[PDB]
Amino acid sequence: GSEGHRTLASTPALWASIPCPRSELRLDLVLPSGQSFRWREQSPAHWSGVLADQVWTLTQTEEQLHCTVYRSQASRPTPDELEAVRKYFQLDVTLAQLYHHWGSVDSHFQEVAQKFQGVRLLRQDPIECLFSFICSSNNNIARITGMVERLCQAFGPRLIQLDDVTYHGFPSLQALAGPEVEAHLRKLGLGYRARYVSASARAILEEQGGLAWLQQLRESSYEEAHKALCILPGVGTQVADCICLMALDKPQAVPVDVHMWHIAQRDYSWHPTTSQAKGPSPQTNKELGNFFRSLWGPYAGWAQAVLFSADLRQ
């Protein structure tokens, strides 16, 4: 009863709600879609993970988002803590207004948007976002998820345990920059990305001026930010865009991976015009990004998140 992952029906007095209609948010379409790799549906329709340095379980009804926190006597989430959740899901942004606009200027989006409502963008921590996506290149979401979990268990702060799952906070720069981290990560199956994680932690700490350098990027311009990130090992045009869009508040950033290329080709009959090659290249990828930006506008990256999520369901 007081053990294991909570459920809305099993410990009612431990949940607090936040007004939020399904049309504004669909947990099942956001949490496992490759934005954040730290959420698990431990129980049907209930997603658990670390949010703002503590564990949470989230589940929704038709007009409500139910939340519960595991911190020392058990109690319902406080208003201050609930605000942590609203900020994570950027709930002040009305998804209905965005869908309307995108739908109005792109009939294909309108068709897809009718079946995939509630796909919004999470506002993530720069450090977690940087290393999680460094782990995502040339990989699949299922594998990435495992790697990130083993990376946190091995180098992140131990939080609390529910059933047989021990939650860990995301590793710090100092820890990822530690001795023999690469070798450890390789044994944890991160492949060549193990070097990228170690190498990027050190560059940030020993060459770019630590954490402050990364955090300052949120006030910098998309152009500047993306430019700054490409310096880090394991970070290319796509990873940089992922971070700008999901962790640095650059809503116009559009990541271009294999999924978005296929979408461009079959759903818009798109082809490079300024670019030389007829396939993916640093030049064509950059062009595809501008194409999407001129199609959807300022929040083009968010529209991208919708089609990407929808393309995963196939």
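Don't overthink the numbering: it's just position in the shown sequence, from 1.
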TODO: Please count the deposited residues lying between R71 and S72 that the model leaves without coordinates, and give the class: none, 1 to 3, 4 to 9, or 10 or more.
DONE: 1 to 3
Open item on the list: Quick check: 33-41 versus 57-65, which has the larger average CA B-factor in the record?
Closed with: 57-65
Open item on the list: Going by the mean C-alpha B-factor recorded in the entry, which is higher: 305-313 or 2-10?
Closed with: 2-10
Task: Most elevated Cα B-factor in the entry, residues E287, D28, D257, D267 - done: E287
- [ ] Please pick out which of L162, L121, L173, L217 has the largest Cα B-factor as recorded in the entry.
- [x] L217
Task: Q252, C-alpha B-factor rank within chain (lowest, middle or highest third) - done: middle
- [ ] Determine, from the deposited record, the chain-internal third of the Cα B-factor for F133: lowest, middle or highest.
- [x] lowest
TODO: Can you work out whether the C-alpha temperature factor of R143 puts it in the lowest, middle or highest third of the chain?
DONE: lowest
TODO: Going by the recorded CA B-factors, say which third of the chain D241 sits in, lowest, middle or highest.
DONE: lowest
- [ ] Please rank the C-alpha B-factors of the chain's modelled residues and tell me whether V197 sits in the lowest, middle or highest third.
- [x] middle
